[PDB]
Amino acid sequence: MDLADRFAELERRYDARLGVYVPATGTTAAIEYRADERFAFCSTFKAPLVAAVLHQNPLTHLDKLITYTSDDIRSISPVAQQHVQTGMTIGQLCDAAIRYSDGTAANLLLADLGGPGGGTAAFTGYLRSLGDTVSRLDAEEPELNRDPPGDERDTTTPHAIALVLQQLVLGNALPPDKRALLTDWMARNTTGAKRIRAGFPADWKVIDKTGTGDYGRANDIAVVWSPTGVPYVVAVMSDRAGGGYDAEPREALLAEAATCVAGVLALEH
């Protein structure tokens with residue numbers, strides 16, 4: 001019938017709750033589905049986290065060596081694990097955070113930004129400094145993926161998180177040379193092949209940061225570009241709460257919502 005119905009069926013079939021938001025542009029109307037509902041951040045916080053660590057520091061600070069230990073690694077840490085003995089720079093952690101969704105890298109970035117103990121407060125402040133008065137991070141990795149459904153802790157809304165990304169990539173919340181670094185890591189993202197990239201024809205360019213956690217949490221946030229360069233911002237958010245703490249996340253849901261979006265954004269009827 002019409003787009004809210006399409007999205008309703010996706011939920012019925014995946015046994016999942018769906019949050020979608022795309023801002024309006026010059027020519028397009030905004031797509032919103034549970035866009036003002038709270039959805040677990042999961043690893044999607046790492047994108048704006050890196051903006052904060054970039055905005056609040058000179059480019060020179062990316063070459064600062066952070067030494068950590070296996071004592072630190074308490075979450076999925078593809079890259080951190082490899083560099084535990086030589087230590088990683090802040091550029092290298094920013095990289096790990098975005099491209100491999102690295103949890104330990106996001107944990108050290110949180111500490112660099114606002115101290116041990118103050119890290120997540122400091123992150124939510126960056127959001128606040130961008131007019132986001134809804135989102136909040138109350139815990140580091142891995143605990144931030146583990147709050148029950150209902151719990152406002154460690155959540156954001158699609159409305160909220162999309163607008164934060166629009167600003168970072170398409171607006172002026174970073175100077176170009178810092179902004180370009182964020183985009184290049186989002187564009188070299190290894191973990192998002194099967195979500196919003198897969199709902200969007202290959203001649204459209206995509207940068208994203210995925211998120212996954214308990215209760216079937218799967219999130220992707222992205223900035224796409226038409227073949228002529230016309231940008232749009234996509235946030236898709238999901239949980240499959242019915243199956244409990246260990247419920248299966250459905251990457252195919254996010255490819256499917258990205259397809260409805262792509263379908264609205266691309267067809268000129």
# chains A, B, ... in the order shown; residues from 1 in each chain; ligands from 1
$ residues_around --residues "residue 8 in chain A" --least-positions-apart "3" --cutoff "12 Å" --atoms "only C-alpha atoms" --output "list in words"
residues 1, 2, 3, 4, 5, 11, 12, 13, 14, 15, 16, 17, 18, 19, 20, 33, 34, 253 and 257 of chain A
$ closest_atom_pairs --of "range 81-165 of chain A" --to "range 36-41 of chain A" --cutoff "12 Å" --atoms "only C-alpha atoms" --output "CSV"
residue,atom,partner,partner_atom,distance
A:124,CA,A:41,CA,11.8
A:134,CA,A:38,CA,8.8
A:135,CA,A:38,CA,8.2
A:136,CA,A:41,CA,8.7
A:137,CA,A:41,CA,8.0
A:138,CA,A:41,CA,10.7
A:139,CA,A:41,CA,10.9
A:140,CA,A:41,CA,11.3
A:141,CA,A:41,CA,11.3
A:142,CA,A:41,CA,11.9
A:143,CA,A:40,CA,11.4
A:144,CA,A:41,CA,7.8
A:145,CA,A:40,CA,7.1
A:146,CA,A:40,CA,8.8
A:147,CA,A:40,CA,8.0
A:148,CA,A:40,CA,9.3
A:149,CA,A:40,CA,8.3
A:150,CA,A:38,CA,8.1
A:151,CA,A:38,CA,8.6
A:152,CA,A:38,CA,6.8
A:153,CA,A:40,CA,8.1
A:154,CA,A:40,CA,6.0
A:155,CA,A:40,CA,4.2
A:156,CA,A:38,CA,5.2
A:157,CA,A:38,CA,4.6
A:158,CA,A:36,CA,6.6
A:159,CA,A:36,CA,5.8
A:160,CA,A:36,CA,7.6
A:161,CA,A:41,CA,8.8
A:162,CA,A:36,CA,11.1
A:163,CA,A:36,CA,11.9
$ residues_around --residues "residue 123 in chain A" --least-positions-apart "6" --cutoff "10 Å" --atoms "only C-alpha atoms" --output "PyMOL selection string"
chain A and resi 45-46+48-53+109-111+113-114+129+136-138
$ write_last_selection --atoms "N, CA and C atoms" --output "PDB file, in the first residue's frame"
ATOM      1  N   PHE A  45      27.648   4.634  18.200  1.00  0.00           N
ATOM      2  CA  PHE A  45      28.199   5.773  18.964  1.00  0.00           C
ATOM      3  C   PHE A  45      29.649   6.123  18.569  1.00  0.00           C
ATOM      4  N   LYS A  46      30.386   5.118  18.085  1.00  0.00           N
ATOM      5  CA  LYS A  46      31.771   5.304  17.666  1.00  0.00           C
ATOM      6  C   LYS A  46      31.969   6.346  16.573  1.00  0.00           C
ATOM      7  N   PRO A  48      30.080   9.458  15.951  1.00  0.00           N
ATOM      8  CA  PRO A  48      30.183  10.761  16.635  1.00  0.00           C
ATOM      9  C   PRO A  48      31.293  10.812  17.713  1.00  0.00           C
ATOM     10  N   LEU A  49      31.524   9.724  18.459  1.00  0.00           N
ATOM     11  CA  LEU A  49      32.699   9.628  19.356  1.00  0.00           C
ATOM     12  C   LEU A  49      33.997  10.112  18.684  1.00  0.00           C
ATOM     13  N   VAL A  50      34.243   9.684  17.458  1.00  0.00           N
ATOM     14  CA  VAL A  50      35.448  10.095  16.753  1.00  0.00           C
ATOM     15  C   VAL A  50      35.414  11.576  16.312  1.00  0.00           C
ATOM     16  N   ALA A  51      34.228  12.078  15.997  1.00  0.00           N
ATOM     17  CA  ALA A  51      34.060  13.516  15.786  1.00  0.00           C
ATOM     18  C   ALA A  51      34.484  14.299  17.018  1.00  0.00           C
ATOM     19  N   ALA A  52      34.011  13.882  18.192  1.00  0.00           N
ATOM     20  CA  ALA A  52      34.365  14.532  19.471  1.00  0.00           C
ATOM     21  C   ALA A  52      35.857  14.538  19.680  1.00  0.00           C
ATOM     22  N   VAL A  53      36.475  13.360  19.612  1.00  0.00           N
ATOM     23  CA  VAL A  53      37.924  13.229  19.764  1.00  0.00           C
ATOM     24  C   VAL A  53      38.705  14.037  18.707  1.00  0.00           C
ATOM     25  N   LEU A 109      39.171   5.648  23.401  1.00  0.00           N
ATOM     26  CA  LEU A 109      38.746   6.947  22.892  1.00  0.00           C
ATOM     27  C   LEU A 109      37.842   7.634  23.884  1.00  0.00           C
ATOM     28  N   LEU A 110      36.953   6.886  24.527  1.00  0.00           N
ATOM     29  CA  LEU A 110      36.109   7.460  25.576  1.00  0.00           C
ATOM     30  C   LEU A 110      36.941   8.059  26.710  1.00  0.00           C
ATOM     31  N   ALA A 111      38.014   7.382  27.101  1.00  0.00           N
ATOM     32  CA  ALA A 111      38.914   7.846  28.168  1.00  0.00           C
ATOM     33  C   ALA A 111      39.764   9.047  27.755  1.00  0.00           C
ATOM     34  N   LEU A 113      38.811  11.254  25.581  1.00  0.00           N
ATOM     35  CA  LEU A 113      37.877  12.379  25.487  1.00  0.00           C
ATOM     36  C   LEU A 113      37.511  13.002  26.837  1.00  0.00           C
ATOM     37  N   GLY A 114      37.141  12.181  27.832  1.00  0.00           N
ATOM     38  CA  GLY A 114      36.665  12.671  29.135  1.00  0.00           C
ATOM     39  C   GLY A 114      37.225  12.005  30.390  1.00  0.00           C
ATOM     40  N   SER A 129      26.287  19.379  22.575  1.00  0.00           N
ATOM     41  CA  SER A 129      26.876  20.543  21.893  1.00  0.00           C
ATOM     42  C   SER A 129      26.509  20.601  20.425  1.00  0.00           C
ATOM     43  N   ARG A 136      22.034   9.336  24.798  1.00  0.00           N
ATOM     44  CA  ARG A 136      22.854   9.259  26.001  1.00  0.00           C
ATOM     45  C   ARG A 136      23.617   7.944  26.025  1.00  0.00           C
ATOM     46  N   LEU A 137      24.903   8.019  26.365  1.00  0.00           N
ATOM     47  CA  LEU A 137      25.729   6.846  26.614  1.00  0.00           C
ATOM     48  C   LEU A 137      26.075   6.799  28.087  1.00  0.00           C
ATOM     49  N   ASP A 138      25.623   5.751  28.759  1.00  0.00           N
ATOM     50  CA  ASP A 138      25.799   5.567  30.213  1.00  0.00           C
ATOM     51  C   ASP A 138      26.791   4.465  30.612  1.00  0.00           C
TER      52      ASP A 138
END
$ closest_residue --among "A:215, A:239, A:259, A:55" --to "residue 126 in chain A" --atoms "only C-alpha atoms"
A:55
$ residues_around --residues "residue 218 in chain A" --least-positions-apart "3" --cutoff "8 Å" --atoms "only C-alpha atoms" --output "list in words"
residues 210, 211, 212, 213, 237, 238, 239, 249, 250, 251 and 254 of chain A
$ select_by_dssp --residues "range 86-257 of chain A" --states "strand (DSSP E)" --output "ChimeraX atom specification"
/A:88-89,155-156,205-213,217-225,231-239
$ write_last_selection --atoms "C-alpha atoms" --output "PDB file, in the first residue's frame"
ATOM      1  CA  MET A  88      47.884   2.135  19.207  1.00  0.00           C
ATOM      2  CA  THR A  89      47.752   5.794  18.276  1.00  0.00           C
ATOM      3  CA  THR A 155      20.051   4.711  23.672  1.00  0.00           C
ATOM      4  CA  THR A 156      19.353   7.216  20.924  1.00  0.00           C
ATOM      5  CA  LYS A 205      28.247   5.868  -2.906  1.00  0.00           C
ATOM      6  CA  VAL A 206      27.831   4.789   0.793  1.00  0.00           C
ATOM      7  CA  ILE A 207      29.629   5.504   4.050  1.00  0.00           C
ATOM      8  CA  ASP A 208      28.256   3.967   7.269  1.00  0.00           C
ATOM      9  CA  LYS A 209      28.776   2.864  10.840  1.00  0.00           C
ATOM     10  CA  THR A 210      26.961  -0.326  11.898  1.00  0.00           C
ATOM     11  CA  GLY A 211      25.867  -1.376  15.376  1.00  0.00           C
ATOM     12  CA  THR A 212      24.984  -4.804  16.848  1.00  0.00           C
ATOM     13  CA  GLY A 213      24.056  -6.139  20.324  1.00  0.00           C
ATOM     14  CA  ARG A 217      20.165  -5.408  17.987  1.00  0.00           C
ATOM     15  CA  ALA A 218      21.252  -4.388  14.508  1.00  0.00           C
ATOM     16  CA  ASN A 219      21.799  -0.765  13.559  1.00  0.00           C
ATOM     17  CA  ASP A 220      23.283   0.938  10.530  1.00  0.00           C
ATOM     18  CA  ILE A 221      23.709   4.694  10.056  1.00  0.00           C
ATOM     19  CA  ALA A 222      24.817   6.047   6.725  1.00  0.00           C
ATOM     20  CA  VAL A 223      25.380   8.983   4.472  1.00  0.00           C
ATOM     21  CA  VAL A 224      24.746   8.023   0.810  1.00  0.00           C
ATOM     22  CA  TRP A 225      25.220  10.012  -2.398  1.00  0.00           C
ATOM     23  CA  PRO A 231      23.500  13.391  -0.554  1.00  0.00           C
ATOM     24  CA  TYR A 232      21.001  11.795   1.805  1.00  0.00           C
ATOM     25  CA  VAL A 233      21.321  10.471   5.325  1.00  0.00           C
ATOM     26  CA  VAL A 234      19.952   7.087   6.425  1.00  0.00           C
ATOM     27  CA  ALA A 235      19.568   5.639   9.859  1.00  0.00           C
ATOM     28  CA  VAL A 236      17.984   2.210  10.258  1.00  0.00           C
ATOM     29  CA  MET A 237      17.592   0.705  13.714  1.00  0.00           C
ATOM     30  CA  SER A 238      16.304  -2.681  14.875  1.00  0.00           C
ATOM     31  CA  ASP A 239      15.836  -5.051  17.785  1.00  0.00           C
TER      32      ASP A 239
END
$ residues_around --residues "residue 92 in chain A" --least-positions-apart "2" --cutoff "12 Å" --atoms "only C-alpha atoms" --output "number ranges by chain"
A: 50, 61-67, 79-80, 82-83, 86-90, 94-100, 102, 104-106, 108-109, 181, 185
$ decode --residues "range 103-120 of chain A" --atoms "N, CA and C atoms" --output "compact mmCIF listing (two decimals), in the first residue's frame"
# COMPACT_ATOMS: atom_id res chain seq x y z
N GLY A 103 35.66 -2.41 20.02
CA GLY A 103 35.10 -2.02 21.30
C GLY A 103 36.12 -1.46 22.28
N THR A 104 37.28 -2.12 22.38
CA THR A 104 38.42 -1.61 23.16
C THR A 104 38.94 -0.27 22.63
N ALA A 105 39.00 -0.11 21.31
CA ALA A 105 39.37 1.18 20.70
C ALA A 105 38.41 2.31 21.04
N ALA A 106 37.11 1.99 21.13
CA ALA A 106 36.09 2.96 21.52
C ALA A 106 36.22 3.25 23.00
N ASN A 107 36.61 2.24 23.79
CA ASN A 107 36.84 2.42 25.22
C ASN A 107 38.01 3.36 25.53
N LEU A 108 39.11 3.23 24.81
CA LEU A 108 40.24 4.14 25.01
C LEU A 108 39.93 5.55 24.49
N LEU A 109 39.17 5.65 23.40
CA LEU A 109 38.75 6.95 22.89
C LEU A 109 37.84 7.63 23.88
N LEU A 110 36.95 6.89 24.53
CA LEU A 110 36.11 7.46 25.58
C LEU A 110 36.94 8.06 26.71
N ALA A 111 38.01 7.38 27.10
CA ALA A 111 38.91 7.85 28.17
C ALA A 111 39.76 9.05 27.75
N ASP A 112 40.26 9.03 26.52
CA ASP A 112 40.97 10.16 25.97
C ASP A 112 40.08 11.41 25.98
N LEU A 113 38.81 11.25 25.58
CA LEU A 113 37.88 12.38 25.49
C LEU A 113 37.51 13.00 26.84
N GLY A 114 37.14 12.18 27.83
CA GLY A 114 36.66 12.67 29.13
C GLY A 114 37.22 12.01 30.39
N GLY A 115 38.40 11.39 30.30
CA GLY A 115 39.02 10.75 31.45
C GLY A 115 38.47 9.36 31.76
N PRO A 116 39.27 8.55 32.50
CA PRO A 116 38.71 7.31 33.04
C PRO A 116 37.61 7.74 34.02
N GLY A 117 36.43 7.16 33.86
CA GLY A 117 35.28 7.52 34.69
C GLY A 117 34.36 8.54 34.05
N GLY A 118 34.91 9.55 33.36
CA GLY A 118 34.07 10.60 32.76
C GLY A 118 33.80 10.44 31.27
N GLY A 119 34.27 9.35 30.68
CA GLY A 119 34.28 9.20 29.22
C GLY A 119 32.96 9.29 28.49
N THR A 120 31.93 8.65 29.04
CA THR A 120 30.61 8.54 28.36
C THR A 120 29.77 9.80 28.54
